[PDB]
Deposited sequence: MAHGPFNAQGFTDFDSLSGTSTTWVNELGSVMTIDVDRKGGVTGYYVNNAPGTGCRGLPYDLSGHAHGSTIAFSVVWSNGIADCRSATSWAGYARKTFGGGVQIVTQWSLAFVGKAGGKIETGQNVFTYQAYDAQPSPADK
C-alpha cells in the first residue's frame, strides 16, 4: 500500500493496515478485495475497560465510507459492552490518510441498559 496512491477505501482492497485514534486505541484491519474488513481492535482509551487486549473486528468499506463493530468479549476480559463505528475517508493535504467516525457504545450498568456516543478519528501508520 501507499498513502500517496490512496484514492478511497478501494485503495485498501487486499491490504493490511494499522490505524491509531486520538485516545491511542489501535485497529489492524485486513480489507479483502470485495471490501470486507476483518481484524483486531486494541482499546488503550484511558477511563475505560478491556484495554490492551485484541478484540475481533468485522465490517465493510465501500467508496469513501466504512462501518465496523467490536463486542468487548474474547474469553479474557468481558466489559459487557459492544462498540460500532461508521465514518468516511479523509485525505490529509500532508498526504496522510484519516477515517472520521461516530462510535456508539452500548452496555448494561447498575442502572440497566444505556447507550453512550462519541467521535474517533483514526490515522494510518510502517
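Colleague: Report the unmodelled segments of the deposited sequence as residue ranges counted from 1.
Modeller: The deposited sequence has unmodelled segments at 1-5, 131, 133-141.
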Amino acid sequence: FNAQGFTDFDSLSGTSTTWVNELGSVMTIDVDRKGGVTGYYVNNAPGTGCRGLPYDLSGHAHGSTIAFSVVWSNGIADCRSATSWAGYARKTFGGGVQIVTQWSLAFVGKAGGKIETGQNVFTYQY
From here on, numbers count along this sequence of modelled residues.
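Colleague: Can you tell me whether 97-105 has a higher mean C-alpha B factor than 73-81 in this record, or the other way round?
Modeller: Stretch with the greater average CA B-factor: 73-81.
Colleague: According to the deposited model, is the average Cα temperature factor higher in 111-119 or in 17-25?
Modeller: Result of the comparison: 111-119.
Colleague: Could you tell me which third, lowest, middle or highest, the C-alpha B-factor of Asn44 occupies within its chain?
Modeller: Its C-alpha B-factor belongs to the lowest third of this chain's values.
Colleague: Where does the C-alpha B-factor of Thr38 rank in its chain, lowest, middle or highest third?
Modeller: Middle third, going by the recorded CA B-factors of the chain.
Colleague: So where's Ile66 on the chain's Cα temperature factor ranking, which third?
Modeller: Ranked within chain, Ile66 CA B lands in the lowest tercile.
Colleague: Among all modelled residues of this chain, ranked by Cα B factor, put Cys50 in the bottom, middle or top third, i.e. lowest, middle or highest.
Modeller: It falls in the middle third of the chain.
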